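Colleague: test case, fold it:
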Amino acid sequence: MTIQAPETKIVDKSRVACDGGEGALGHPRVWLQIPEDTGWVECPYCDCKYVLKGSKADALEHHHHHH
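Modeller: Numbers count the residues shown, from 1 in each chain. Find the structure here:
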């Protein structure tokens, strides 16, 4: 019903100290590891999708591709 909330957030480190959705829906201090293999991790409470800084999942916005 709530269509949830895919909250994309780019982090500097791979292991992210997440919490959850609403106060009563998590927030116990949880650390999720972002795999460079894909570039993101999701927390099924607030649906916070953490993208790794500069990862292949962070290849949006605009390309560069070097020479």
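Colleague: tell me the contacts of the most centrally placed residue in the chain?
Modeller: Nearest to the geometric centre of the chain sits residue 50, at 0.8 Å (C-alpha atoms, centre = their mean). For residue 50, the contact set (C-beta atoms under 8 Å, 6 or more residues apart in numbering) comprises 9, 10, 11, 16, 18, 32, 34, 40, 41, 42, 43. For every residue, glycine as well, the C-beta is placed using N, CA and C.
Colleague: surely residue 53 meets residue 12?
Modeller: Yes. Applying C-beta atoms under 8 Å as the test, residue 53 and residue 12 come out as touching, 5.1 Å apart.
Colleague: more neighbours: those two, which one.
Modeller: residue 53 (12 against 8; other C-beta atoms under 10 Å).
Colleague: who's in contact with the more buried one?
Modeller: Here residue 53 is in contact with 10, 11, 12 (criterion: C-beta under 8 Å, 6+ apart).
Colleague: pretty sure the second one sits against residue 32.
Modeller: Spelled out, it's residue 11. No. Applying C-beta under 8 Å, one finds residue 11 not in contact with residue 32, separated by 9.8 Å.
Colleague: so which of these two has more stuff around it?
Modeller: Between residue 11 and residue 32, counting by other C-beta under 10 Å, residue 11 is the more crowded of the two (19 against 15).
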